[PDB]
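Geometric and topological summary
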Amino acid sequence: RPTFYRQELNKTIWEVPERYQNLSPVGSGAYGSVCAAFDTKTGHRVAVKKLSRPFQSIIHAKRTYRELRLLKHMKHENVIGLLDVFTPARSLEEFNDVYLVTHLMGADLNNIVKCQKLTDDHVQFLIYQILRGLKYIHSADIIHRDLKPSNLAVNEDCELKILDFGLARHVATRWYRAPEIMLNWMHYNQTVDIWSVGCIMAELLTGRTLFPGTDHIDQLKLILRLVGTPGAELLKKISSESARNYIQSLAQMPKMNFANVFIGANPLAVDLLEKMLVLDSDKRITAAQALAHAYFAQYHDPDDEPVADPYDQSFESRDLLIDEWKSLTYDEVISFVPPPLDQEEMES
Ligand SMILES: CNC(=O)c1cc(-n2ncc3cc(Nc4c(F)cccc4Cl)c(COC)cc32)cs1
Ligand SMILES: CCCCCCCCO[C@@H]1O[C@H](CO)[C@@H](O)[C@H](O)[C@H]1O
Ligand SMILES: CCCCCCCCO[C@@H]1O[C@H](CO)[C@@H](O)[C@H](O)[C@H]1O
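Residues numbered from 1 in each chain as written, not as in the entry; some residues may be left out. Chains lettered and ligands numbered in written order. Heavy atoms only, no water. Residues with missing side-chain atoms left out of burial classes, pairs and counts.

- The deposited coordinates, according to the entry record, derive from X-ray crystallography at 2.31 Å resolution.

Okay, structure coming up:
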């Protein structure tokens with residue numbers, strides 16, 4: 001067991017192994033509090049995330065366990081991978097905090113979009129990497145649920161990683177969210193993530209948020225203006241008569257021609273955007289289909305787009321006591337094994 005030390009940053013107490021020095025805040029959010037640090041054992045900068053009140057309620061306890069299970073499973077070049085997991089607790093009875101460590105990226109995608117106007121080639125490589133990491137996530141029967149520029153970060157080579165997963169089941173921008181999430185549809189497709197990819201791609205191409213809604217209804221207002229009011233084939237799938245009547249009451253909006261909306265973009269990029277930003281989720285392109293789209297011809301390698309090991313998420317169906325959730329999390333902390341050092345990291 002390493003020696004821990006305590007330190008206050010922007011009003012939150014941090015207790016970490018001595019290996020981690022130079023703690024500086026990165027951000028404070030609903031996910032948790034996040035610091036940058038220098039890992040004196042590896043010589044790399046890391047991001048450290050302290051779970052906020054992990055066992056305050058059944059919901060929070062399950063959500064803590066969910067996040068740790070998820071992150072322990074993720075081993076892919078374009079997905080956040082866990083370098084370390086620790087708690088200052090010496091015993092399960094003392095167990096009340098969880099810290100998660102990953103490599104510190106250079107910049108998130110809000111900062112790249114504000115820093116430069118990306119070339120088409122850059123947009124290809126960034127979106128390709130998101131879809132590559134997404135193929136992996138969907139292959140484990142996971143929906144990310146919260147792809148957005150601040151959950152996407154890159155290094156000096158524009159190598160990209162998908163970060164924090166959406167932990168809601170059954171503060172946080174709406175701008176990249178699939179309309180069916182906002183409307184309580186309840187049996188979501190993995191293609192909610194594909195909707196979010198399309199919103200991101202649009203923004204990378206234009207420099208501007210595609211759908212910057214002011215609130216929940218505005219968000220859907222802006223979506224329907226671009227993709228149109230729902231077609232007959234989609235209306236067939238909506239049980240509620242009152243819901244259909246309200247839609248039929250709207251000013252009927254046609255789908256806009258994306259070639260005109262994104263005028264100047266690579267026609268292949270526009271074609272791919274049309275296949276992502278479809279209202280009907282059954283008709284959105286999948287991550288694996290999108291990687292085979294001609295827009296990615298320069299980067300697509302069918303033999304280097306790996307899939308995930310099966311992911312046992314039978315826990316999602318459990319209703320357990322808070323003490324069991326806390327206990328199962330603690331077992332996961334204890335059993336964690338750090339990945340190996342890279343080959344490039346060692347010499348002769
Ligand atoms: C110079 N560098 C920069 O400015 C930036 C670096 C990053 N960056 N790099 C990695 C990383 C990981 C997380 N989350 C996290 C974590 F900290 C630890 C373990 C697990 C997880 Cl999911 C977050 C917070 O989520 C938004 C930001 C992160 C973002 S801007
Ligand atoms: C008031 C206008 C809102 C329109 C929202 C679309 C209605 C979505 O409603 C959904 O329809 C699904 C299929 O019938 C059901 O499975 C879901 O329970 C229901 O919420
Ligand atoms: C009708 C109000 C505007 C929102 C349209 C969103 C339609 C999303 O598409 C729907 O996704 C559901 C899964 O969530 C599927 O069950 C439905 O089959 C599919 O049509």
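Here the narrative resumes, following the displayed structure.
**Topic: the site of ligand 3**
- What surrounds ligand 3 is a group of 14 residues, the closest being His-187, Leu-279, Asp-280, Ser-281 and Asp-282.
- In this structure, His-187 approaches ligand 3 through a side-chain N or O atom, which is 3.2 Å from an oxygen atom.
- Separating an oxygen atom of ligand 3 from a side-chain N or O atom of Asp-280 is a distance of 2.9 Å.
- Coverage of ligand 3 by the protein chains reaches 90% of its 520 Å² of free accessible surface.
- In the shell around ligand 3, the residues fall into 8 nonpolar, 2 polar and 4 charged. (Near = heavy atom within 4 Å. Polar contact = N/O pair within 3.5 Å; in protein donor to acceptor, adjacent residues only side chain to side chain. Areas by Shrake-Rupley, 256 points an atom, 1.4 Å probe, with all protein chains shown as cover. Nonpolar A, V, L, I, M, F, W, Y, C, P; charged D, E, K, R; others polar.)

**Overview of the sheet that holds strand β9 (residues 152-154)**
- Pairing is antiparallel across the open sheet formed by 3 strands, whose spatial order is β8-β9-β10. Single-partner strands in this sheet number two, and they are β8 (107-108) and β10 (160-162).
- Direction of pairing for β9 relative to β10: antiparallel, over a ladder of 3 bridges. Bridging from a neighbouring strand, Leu-152 pairs with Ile-162 of β10.
- Across the sheet, helix α3 (residues 120-139) lies against β9 and β10, angled at about 40 degrees from β10, the strand it touches most. (Pairing = 2+ DSSP bridges. Helix = DSSP H or I, 4+ residues; strand = E, 2+ residues; numbered from the N terminus. Contact = heavy atoms within 4.5 Å. Axes fitted to C-alpha atoms, helices over the stretch in contact; angles between N-to-C directions.)

**Some thoughts on the side chain of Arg-69**
- Among the secondary structure elements, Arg-69 is positioned in helix α1 (residues 58-73).
- At 4.3 Å, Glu-332 is the nearest oppositely charged side chain to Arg-69, a buried residue that forms no salt bridge.
- Residues contacting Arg-69, with those up to four places away along its chain left out, are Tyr-311, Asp-312, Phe-315 and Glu-332. (Buried < 20%, exposed > 50% of the residue type's maximum accessible area, 1.4 Å probe, protein only. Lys, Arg positive; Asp, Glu negative; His and termini not counted. Salt bridge = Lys/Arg side-chain N within 4 Å of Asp/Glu carboxyl O.)

**Let's talk about the domain arrangement of the protein**
- When the domains of the protein are assigned, the result is domain 1 (4-104 + 309-335) and domain 2 (107-296).
- Of the residues lining the interface, 20 residues belong to domain 1; the matching set on domain 2 comes to 16 residues.
- Counting each side, the surface lost to burial between domain 1 and domain 2 is near 1,800 Å², with a carbon and sulfur contribution of 56%.
- Here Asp-164 and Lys-49 are joined by a salt bridge, their closest N and O atoms 2.8 Å apart.
- The interface formed by domain 1 and domain 2 contains 15 residue pairs in polar contact.
- The element contributing the most residues to the side of domain 1 that touches domain 2 is α1, with 6 residues. (Domains from an automatic or database assignment. Buried area = accessible area lost by both parts, 1.4 Å probe.)

**Overview of the site of ligand 2**
- Within the structure, ligand 2 sits among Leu-183, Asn-184, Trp-185, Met-186, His-187, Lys-237, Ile-238, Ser-239, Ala-243 and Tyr-246.
- Interatomic distance of 2.7 Å between a backbone N/O atom of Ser-239 and an oxygen atom of ligand 2.
- In isolation ligand 2 has 520 Å² of accessible area, and contact with the protein removes 67% of it.
- A class-by-class count of the residues in the shell around ligand 2 yields 6 nonpolar, 3 polar and 1 charged.

**Details of the pairing of strand β4 (residues 32-39)**
- A large share of β4 lies buried, amounting to 7 of its 8 residues.
- Sheet topology note: the strand β3 (residues 20-28)/β4 ladder contains 6 bridges and is antiparallel. Bridging across to β4, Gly-27 finds its partner in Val-34.
- The antiparallel pairing of β3 with β4 creates a hairpin that spans 3 residues between the two strands.
- Pairing analysis gives 8 bridges linking β4 to strand β5 (residues 44-51), with the strands arranged antiparallel.

**Overview of the pattern of salt bridges**
- Taken as a whole and judged by the stated rule, the model has 16 salt bridges.
- For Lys-72, the salt bridge goes to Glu-332, with nearest N and O atoms at 2.6 Å.
- Classification of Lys-72 as partly exposed rests on a relative accessible area of 22%.
- The salt bridge partner of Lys-255 is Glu-274, with a shortest N-O separation of 3.3 Å. With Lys-255 in the loop between α8 (241-249) and α9 (258-261) and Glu-274 in helix α10 (residues 267-276), this residue pair connects regions lying 19 residues apart in the sequence.
- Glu-274 gets classed as partly exposed once you look at its relative accessible area, which sits at 25%.

**Regarding the sheet that holds β5**
- Taken in spatial order, the 5 strands of this open sheet run β3-β4-β5-β7-β6, and their pairing is antiparallel. Of all the strands in the sheet, the pair left with one neighbour each is β3 and β6 (84-86). Taken pair by pair, the neighbouring strands of this sheet meet at an average axis angle of 25 degrees, ignoring direction.
- Pairing of β6 with strand β7 (residues 99-103), which is carried by 3 bridges, proceeds in the antiparallel orientation. Its bridge partner being in β7, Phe-86 is matched across the sheet by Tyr-99.

**What to know about the packing of α3 against helix α5 (residues 191-206)**
- The geometry of α3 relative to α5 is characterised by a closest axis approach of 10 Å and an angle of 165 degrees between their N-to-C directions. Taken together, the axis directions place α3 and α5 in an arrangement best described as roughly antiparallel. In this structure, the crossing between α3 and α5 has a hand that is right-handed. Together, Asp-120, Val-123, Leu-126, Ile-127, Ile-130, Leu-131, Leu-134 and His-138 of α3 and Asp-193, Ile-194, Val-197, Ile-200, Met-201, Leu-204 and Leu-205 of α5 make up the contact between the two elements. (Parallel < 35°, antiparallel > 145°, perpendicular 65-115°, else oblique. Left-handed = near helix turned anticlockwise from the far one by under 90°.)

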